[PDB]
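Asks: I have a structure I would like to understand better, so I am pasting it below and will then ask my questions one at a time.
Number of protein chains: 2
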Amino acid sequence: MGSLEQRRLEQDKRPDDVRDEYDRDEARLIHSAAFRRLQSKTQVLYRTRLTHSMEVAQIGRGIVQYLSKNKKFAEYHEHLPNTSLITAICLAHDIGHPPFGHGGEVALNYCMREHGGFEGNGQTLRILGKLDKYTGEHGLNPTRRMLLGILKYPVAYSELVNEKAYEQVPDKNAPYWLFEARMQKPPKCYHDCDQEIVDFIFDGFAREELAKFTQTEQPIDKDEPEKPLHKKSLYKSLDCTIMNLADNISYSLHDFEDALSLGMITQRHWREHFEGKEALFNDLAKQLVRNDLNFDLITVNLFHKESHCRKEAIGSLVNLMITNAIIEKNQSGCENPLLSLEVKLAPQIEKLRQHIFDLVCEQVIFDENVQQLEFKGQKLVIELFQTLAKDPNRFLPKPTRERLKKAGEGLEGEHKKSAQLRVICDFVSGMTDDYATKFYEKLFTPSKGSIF
Amino acid sequence: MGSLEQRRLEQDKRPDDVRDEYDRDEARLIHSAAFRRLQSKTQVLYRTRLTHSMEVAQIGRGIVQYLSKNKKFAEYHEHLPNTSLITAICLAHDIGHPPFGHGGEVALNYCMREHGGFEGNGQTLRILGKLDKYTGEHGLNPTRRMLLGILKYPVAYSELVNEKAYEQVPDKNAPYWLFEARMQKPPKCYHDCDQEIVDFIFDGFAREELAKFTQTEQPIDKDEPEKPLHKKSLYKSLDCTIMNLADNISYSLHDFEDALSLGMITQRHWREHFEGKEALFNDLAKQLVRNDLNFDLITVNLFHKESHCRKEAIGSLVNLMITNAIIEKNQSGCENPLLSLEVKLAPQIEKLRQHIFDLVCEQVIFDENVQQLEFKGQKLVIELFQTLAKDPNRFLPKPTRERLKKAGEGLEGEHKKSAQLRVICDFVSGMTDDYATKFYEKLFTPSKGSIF
Ligand SMILES: [Mg+2]
Ligand SMILES: [Mg+2]
């Protein structure tokens, strides 16, 4: 089998470069157009995706550091990623996310219904492995282990999608962009047209390991037992578990901290969301003997006037989760360490992390005004994709027109159409929020737009 | 037959006026609302249609002057138009063009699919002969020869249209304004509802002359031999050939000069568009012995920092085409001089003029941002026409409501509908780009519009 430091394309380093291949991955990523676009992309609307990706990289390094010295896990030290690989994986995890976030993701998936759908994490793999113009046709040409580390869902769209969930009540009067977004969310997956990339990631493993590692589950009873739902992938690589843990800690605490600052989560919300289960903080305070973890003391410090009393509690909770990162084996039958080993929190810490994250989804993610803005990004992307798809040679830039022509060669009929719509999907998804707004305004908004 | 200085309506001049009828045409045109609208109408988006029409008038006068003294063409001096007639024809040629240019023209033709279509040059005749409020129902009431001079395409829409080219792949999800504009372009023609105007222009000629002069051709193989295409008219009057030559010289050189200034055409584009065929400049430089026509010398002067080195080359190329205007006979079997005689460039000069014009279409006319703005004018005009057509008495001004009522009298059924939609088409097409934008914003844009 192939090495983990192997790339799809041959790009050997000069003898002047003792940097390991994982550092070369970090260097290419930071100097890449896909990573620099994280500035003009916000996840909530304040906090940009670049800042979130840096905080996630910091948390992941702290996780890897904590594990690399805890001798209870000394048996697994050799399989931990290094500082450069965990950073590059953490800094790349939100690269594929489209403009306007979930509003744009639902939009592109709805437009690509007959052509493979769209999902952000799949586009992250698509950009990293092919789209980014660091190479001709191999993206940034990352190492096998880095590609595996960003593959959060190693199962294809077709193998996971349940198109019965897309079913809608007919409405002759509704425009094409007007629908319930929750019923058009894609499965978390990789795109079928990128199977070659996934083949490379998995050529360094035994095929029985691949079958066990790509196992899925059928979730049941989201509201009713017969409600149709997509299938979920079940397992991620070891490095991916570390990044996914850091990614959730930031969403649970750092987006919570921003919610306190903006006033979207009050102490009344806190004490009502924790009206029961004050032991989520208190019982932990007893076991670890940390008076700072007392529910009433940490509540006063979180909702304190002095900003140094809040950041001290946020950082205390950030440190509490990093110090409670355990590494177990997943219920996959895999014997490879990178496929069988998982990093996660202590069960009592995860209960507290989730319960803080649930208050964030309730007051921030599902705020009426936040959702109204997501729908507008849905309308904008749909209306932009339609127009770019109706006459792509009139509107698209010349290099994008070349890819669309190139994608259709050797293909005819419906396969040619899906391959060319994929290029348009990669063009729109690779837009920044302001670039997509300007592109919308040049095409539709009455008095806006300039030829330069 | 009738005189060339004859008008549809009787408007004789006072004895105090020794001005010839062609000067009276020039005077009425300049003081007309249709000609003054050329200020608020741009052709590219910089250079307005008024400025283009003045440069065309200057080139045409230079053409007529050059021919009126070249004794190789002395046999045809008596049939050349005078200074006033060639100016009025040149200043009127773009009067009918709608807001947003081709974007608005494709829009109106698409809306008028079942009602006669729309084309700019046809509206120029419609405004000049009927619409302009200089008279009651005869427009500016121009002379027969001036009307003939603006009749670039003396064949009707119905006689030229190939509705198979309008055929579209069905799309249930597309809004009414979303289509490929290239497949909805109208034929270059005059509108069927203006046949009476064309009858007057042609009552001063023998009917055999009319049949030969209105001959058409069926172009073949735009991309494939079986691609459906409209039919083209074949012949223009002598005065029209002079105006059409001046009109093309301005587009080929003056719009090229603006392209240099804005940076849309680089010296790299020039030397790559002329990578072969440097003899288009050089061979002419040999025959005429003009070292300024050397490809490398004129390239340095065109792309020079000093603006006096560029304008000296542009004006040299403007002068080179005027000095190479020849007058031949067209392959029409006509014996009337105004219908059989044509003015055009020398074959080697036309090869150079076209090749410069092709670089203008490639970098300017078909720039992605220029086309994106054209589509937005297409969407705006379509959405404006629809709403004005749904309830014309609620929205249209009282004088326009009078014409629409008046156009429907004596008619019922589908003929009444087409006659009233023609008035709405004349209202929208006669809008300036900013007037159409304000009219769009009052009706659709959320927070815009005032009752005054
Ligand atoms: Mg993230
Ligand atoms: Mg013109």
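Residue numbers (full-length UniProt numbering), protein chains in the order written: chain G, 1 to 45, 53 to 459; chain V, 1 to 45, 53 to 459. All C-beta atoms in this analysis are idealised placements derived from N, C-alpha and C, irrespective of residue type, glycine included.
Count the other CB atoms within 10 Å of the CB of V/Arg-401; is the residue buried (16 or more) or exposed (fewer)?
Replies: Position 394 of the second sequence holds residue 401 of chain V. Looking at its Cβ environment, which holds fewer than 16 other Cβ atoms inside 10 Å, V/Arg-401 is exposed.
Asks: Buried or exposed: which applies to G/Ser-3, given that a residue is buried once 16 or more other Cβ atoms fall within 10 Å of its Cβ?
Replies: Indexing the first sequence from 1 puts residue 3 of chain G at position 3. It counts as exposed.
Asks: Under the criterion of a Cβ to heavy atom distance below 7 angstroms, does G/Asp-254 qualify as lining ligand 1?
Replies: Looking up residue 254 of chain G in the first sequence gives position 247. It does: the Cβ of G/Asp-254 is within 7 angstroms (strictly closer) of some heavy atom of ligand 1.
Asks: Can you tell me whether V/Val-63 sits near ligand 2, meaning its C-beta is under 7 angstroms from at least one heavy atom of the ligand?
Replies: As a position in the second sequence, residue 63 of chain V is number 56, starting the count at 1. For ligand 2, at least one heavy atom lies less than 7 angstroms from the Cβ of V/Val-63.
Asks: Just checking V/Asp-101 against ligand 2 - is the residue's beta carbon closer than 7 angstroms to any of the ligand's heavy atoms?
Replies: On the second sequence, position 94 is the one that residue 101 of chain V refers to. Under cutoff, so the answer is yes.
Asks: Report the residue from V/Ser-60, V/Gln-427, V/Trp-277 whose alpha carbon sits nearest the alpha carbon of V/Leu-359.
Replies: The residue labelled residue 359 of chain V in the question sits at position 352 within the second sequence. Looking at the Cα atoms, V/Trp-277 is the closest of the given residues.
Asks: Does the Cβ of G/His-109 lie closer than 7 angstroms to at least one heavy atom of ligand 3?
Replies: As presented, the structure is devoid of ligand 3, carrying ligand 1 and ligand 2 as its sole ligands.
Asks: Cβ closer than 9 angstroms: which chain G residues qualify as neighbours of V/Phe-107?
Replies: Stepping through the second sequence from its first residue, residue 107 of chain V is reached at position 100. Near V/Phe-107 there are no residues of chain G at all, since even the closest Cβ is about 11 angstroms away, more than 9 angstroms.
Asks: Residues in the same chain with beta-carbon distance under 6 angstroms from G/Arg-56, minus the five sequence neighbours each way, listed in chain order, please.
Replies: Locating residue 56 of chain G in the first sequence gives position 49, where the first residue counts as 1. Excluding sequence neighbours, G/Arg-56 sits near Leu-38, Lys-41, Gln-43, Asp-101.
Asks: Run the CB neighbour count on V/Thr-131, radius 10 Å, all protein chains shown included, and call it buried at 16 or more, exposed below.
Replies: Walking along the second sequence from the start, residue 131 of chain V turns up at place 124. Buried, by the Cβ-count rule.
Asks: Using three-state DSSP, classify V/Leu-236 as helix, strand or coil.
Replies: Position 229 of the second sequence, counting from 1, holds the residue named residue 236 of chain V. In the structure shown, V/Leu-236 sits in coil (DSSP, three-state: anything other than H, G, I, E or B).
Asks: Any heavy atom of ligand 1 closer than 7 angstroms to the CB of G/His-261?
Replies: Reading the first sequence from its first residue, position 254 is the one you call residue 261 of chain G. It does not: the Cβ of G/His-261 is nowhere closer than 7 angstroms to a heavy atom of ligand 1.
Asks: Alpha carbon to alpha carbon, how far is V/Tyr-442 from G/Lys-455?
Replies: As a first step, residue 442 of chain V must be located in the second sequence, where it is residue number 435. As a first step, residue 455 of chain G must be located in the first sequence, where it is residue number 448. Taking the straight line from one Cα to the other gives about 15 angstroms.
Asks: May I ask you to list, following chain order, the residues of the segment 385–413 of chain G that have a beta carbon less than 8 angstroms from some beta carbon of chain V?
Replies: Listed by position along the chain: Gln-393, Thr-394, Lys-397, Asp-398, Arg-401, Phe-402, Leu-403, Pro-404, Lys-405.
Asks: Does the beta carbon of V/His-59 fall short of 7 angstroms from some heavy atom of ligand 2?
Replies: For the purposes of this step, residue 59 of chain V is identified with residue 52 of the second sequence, where counting begins at 1. Yes; taking the cut-off as 7 angstroms, the Cβ of V/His-59 has a heavy atom of ligand 2 nearer than that.
Asks: Does G/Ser-454 have its Cβ less than 8 angstroms from a Cβ in chain B?
Replies: The question asks about chain B, but that chain is absent: this structure's protein chains are G and V.
Asks: Give the interface partners of V/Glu-282 over in chain G, defined as CB-CB distance under 9 angstroms, in chain order.
Replies: As a first step, residue 282 of chain V must be located in the second sequence, where it is residue number 275. Neighbours of V/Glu-282 on chain G: none; closest Cβ ~18 angstroms, over 9 angstroms.
Asks: How about V/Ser-339 and V/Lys-219: do their beta carbons lie closer than 8 angstroms?
Replies: Walking along the second sequence from the start, residue 339 of chain V turns up at place 332. Walking along the second sequence from the start, residue 219 of chain V turns up at place 212. Yes.
Asks: Note down, in chain order, every chain V residue with its Cβ under 7 angstroms from the Cβ of G/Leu-450.
Replies: Numbered from its first residue, the first sequence carries residue 450 of chain G at position 443. Here the neighbours are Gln-379, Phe-382, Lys-383.
Asks: For the segment 82–95 of chain G, which residues have a beta carbon sitting closer than 9 angstroms to at least one beta carbon of chain V?
Replies: The residues in question: there are none.
Asks: Using the three-state DSSP reduction, which class does G/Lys-445 fall into: helix, strand or coil?
Replies: Against the first sequence, residue 445 of chain G aligns to sequence position 438. It is helical.
Asks: Look at G/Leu-135 and G/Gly-146 and say whether their C-beta atoms are less than 8 angstroms apart.
Replies: Residue mapping note: residue 135 of chain G aligns to position 128 of the first sequence, counting from 1. Residue mapping note: residue 146 of chain G aligns to position 139 of the first sequence, counting from 1. Going by C-beta atoms, G/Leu-135 is nearer than 8 angstroms to G/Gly-146.
Asks: How would you label V/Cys-118, buried or exposed, when you count the other beta carbons within 10 angstroms and need 16 or more for buried?
Replies: Residue mapping note: residue 118 of chain V aligns to position 111 of the second sequence, counting from 1. Label assigned to V/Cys-118: buried.
Asks: Less than 8 angstroms between the CB atoms is what I'm expecting for V/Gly-127 and V/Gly-103, so what's the real figure, rounded?
Replies: Numbered from 1 along the second sequence, position 120 holds the residue referred to as residue 127 of chain V. Numbered from 1 along the second sequence, position 96 holds the residue referred to as residue 103 of chain V. Between V/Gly-103 and V/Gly-127 the Cβ distance is about 5 angstroms, and since that is below 8 angstroms, they are a contact.
Asks: Spatial neighbours of V/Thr-394 within its chain, please: C-beta separation below 6 angstroms, excluding the five flanking residues on both sides.
Replies: Start at 1 with the first residue of the second sequence, and residue 394 of chain V comes out as number 387. Result list for V/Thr-394: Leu-450, in chain order.
Asks: By how many angstroms is the C-alpha of G/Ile-458 removed from the C-alpha of G/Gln-361?
Replies: Indexing the first sequence from 1 puts residue 361 of chain G at position 354. Indexing the first sequence from 1 puts residue 458 of chain G at position 451. Near 49 angstroms, if we compare the C-alpha coordinates of G/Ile-458 and G/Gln-361.
Asks: Kindly list, in the order they appear in chain G, the residues whose Cβ is closer than 8 angstroms to that of V/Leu-185.
Replies: In the second sequence, counting from the first residue as 1, residue 185 of chain V sits at position 178. Residues of chain G passing the Cβ test: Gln-393, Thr-394, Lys-397.
Asks: Does the distance from the C-beta atom of G/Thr-248 to that of G/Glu-349 stay below 8 angstroms?
Replies: For the purposes of this step, residue 248 of chain G is identified with residue 241 of the first sequence, where counting begins at 1. For the purposes of this step, residue 349 of chain G is identified with residue 342 of the first sequence, where counting begins at 1. Yes. Within cutoff.
Asks: In the segment 133–195 of chain V, which residue ranges form an unbroken alpha helix (DSSP H) of at least 4 residues, counting only runs that do not cross its ends?
Replies: As far as the segment 133–195 of chain V is concerned, its whole alpha helix (DSSP H) runs of at least 4 residues are 151–157, 164–167.
Asks: Alpha carbon to alpha carbon, what distance is there between V/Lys-397 and V/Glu-390?
Replies: For this step, residue 390 of chain V is matched to residue 383 along the second sequence. For this step, residue 397 of chain V is matched to residue 390 along the second sequence. About 11 angstroms.
Asks: CA-CA distance, G/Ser-244 and G/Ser-257?
Replies: In the first sequence, residue 244 of chain G corresponds to position 237, counting from 1. In the first sequence, residue 257 of chain G corresponds to position 250, counting from 1. Roughly 20 angstroms between the two C-alpha positions.
Asks: Quick check: the Cα distance between V/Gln-294 and V/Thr-306, rounded to an integer number of angstroms?
Replies: Numbered from 1 along the second sequence, position 287 holds the residue referred to as residue 294 of chain V. Numbered from 1 along the second sequence, position 299 holds the residue referred to as residue 306 of chain V. Spanning the two alpha carbons is a distance of roughly 19 angstroms.
Asks: Measuring CB to CB, does G/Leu-29 end up less than 8 angstroms from G/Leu-98?
Replies: Counted from its first residue, the first sequence places residue 29 of chain G at position 29. Counted from its first residue, the first sequence places residue 98 of chain G at position 91. Taking 8 angstroms as the Cβ cut-off, G/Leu-29 and G/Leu-98 qualify as a contacting pair.
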